[PDB]
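Okay, here we've got a single chain as structure tokens, the form deposited without ligand ATP, with questions on binding and movement later.
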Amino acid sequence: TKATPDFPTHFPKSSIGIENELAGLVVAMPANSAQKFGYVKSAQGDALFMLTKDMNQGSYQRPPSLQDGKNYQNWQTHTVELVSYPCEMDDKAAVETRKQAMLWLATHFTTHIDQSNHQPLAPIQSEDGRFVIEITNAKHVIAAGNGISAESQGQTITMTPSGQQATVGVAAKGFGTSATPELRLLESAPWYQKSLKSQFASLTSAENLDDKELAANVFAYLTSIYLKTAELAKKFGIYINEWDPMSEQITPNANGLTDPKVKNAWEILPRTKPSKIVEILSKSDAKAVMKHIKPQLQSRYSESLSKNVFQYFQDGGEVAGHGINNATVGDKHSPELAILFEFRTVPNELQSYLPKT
């Protein structure tokens, strides 16, 4: 369950962003600090990945034998997560440099907890000159294990395999076209129902649509999302707008749409605000798509659940918190909307994009 890059980005066709929560150390910071405490770049200036706080591990207690005159009042300890800056999926050089930079930083962390335990990281350059650390927030410390003891257990810092996630960015117009291997990988999502493409065609035969194939693609994508949220709201007892699961004898069994177990139920988690996709269609085509969605919910779910799931997304509701809504693909001067997906688990097809210890 993580926060990924929010700044505007652009790529020719598709972007890949990797994530790796580390084991063997913690970052301690003042409470309510920003997630990012630093980043790693190539010597040439290319930003590779961010250093972020991940899971809160409890309050920070400075070891008494490392008293230094400093505050450490209300500091929290967190796990560290390495979050890559997205690159083109076909860019072997950029993909490889990210991996190698992550493996090198684990090496640098290993020495840091050995000689500088409970000290902040310093902005340094790698011994070979390839990688450079930039510190964005000096108000932090890095400590071995859980950060309770003054000394480490001699940990070798590694890229934790259970700590891995991937984020794929593709043109919104491509979802449902099966055009590229990545589009096919995303279309294999268990919640995605391709049959809704042919279903839409039967529904709109007497309608003179501007782009029938595009409208069918959008209808299948949104409908599959709206239907999966309804399925999840019922399975987990999630409150969506004014829908009360308890009204349908459903015991609330999760902390909203953002709860990690809900996010993992998607497997391939949509990360872009669903209401954005309507922009890739003409005002008329968008109206036609939106008009046809409600009955798809109403034939499967209660009026209350259907109207609430439909209104939530129409009004710009997100699938799982802050969306990546400013990403674009294609022509630099005439960009097409990009839509992002978080792989909760990394499949075999995306494994080569991750650093392997």
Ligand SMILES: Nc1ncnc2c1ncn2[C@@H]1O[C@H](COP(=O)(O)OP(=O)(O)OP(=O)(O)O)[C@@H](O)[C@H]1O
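Shifts are known only where both forms have a C-alpha. By rigid core we mean the largest C-alpha set that fits within 1.5 Å across both forms. Start at 1 with the first residue shown and count on from there.
The protein also exists as the form deposited with ligand ATP bound; that form is not presented, and the subsequent description refers to it.
The site on the displayed chain is blocked: ligand ATP, placed by C-alpha superposition from its pose in the deposited complex, has three or more atoms within 2.4 Å of backbone or C-beta atoms. A residue is said to contact a partner when one of its heavy atoms sits within 4.5 Å of a partner heavy atom; residue 229 fails this definition for ligand ATP in the deposited complex, lying far away.
Although the partner is absent here, residue 236 is not a contact residue: none of its heavy atoms lies within 4.5 angstroms of ligand ATP in the deposited complex. For residue 343, no non-hydrogen atom is located within 4.5 Å of ligand ATP in the deposited complex, even though that partner is not displayed. For the chain shown alone, residue 327 is a contact residue for ligand ATP in the deposited complex, at least one non-hydrogen atom being within 4.5 angstroms.
Site annotation in the deposited complex: the residue of 140, 197, 78, 263 reaching within 4.5 Å of ligand ATP with a heavy atom is 263. With the partner omitted from this view, the residue of 271, 112, 99, 118 that lies near ligand ATP in the deposited complex is 271 [heavy atom within 4.5 Å]. Judged by heavy atoms within 4.5 Å of ligand ATP in the deposited complex, the contact stretch among the candidates 130-138, 159-167, 278-286, 248-256 is 159-167. Relative to ligand ATP in the deposited complex, residues 318, 347 and 353 are all farther than 4.5 Å at every heavy atom.
Although ligand ATP is not shown here, in the deposited complex the stretch 81-112 places heavy atoms of 81, 83, 84, 85, 86 within 4.5 Å of it, in sequence order. Shown here is a form in which the CA atoms of residue 8 and residue 285 lie at least 3 Å closer together than they do in the deposited complex.
Shown here is a form in which the CA atoms of residue 92 and residue 8 lie at least 3 Å farther apart than they do in the deposited complex. After fitting on the rigid core, only one stretch of 3+ residues whose CA atoms all move by 2 angstroms or more between the shown form and the other one is found, at 3-8.
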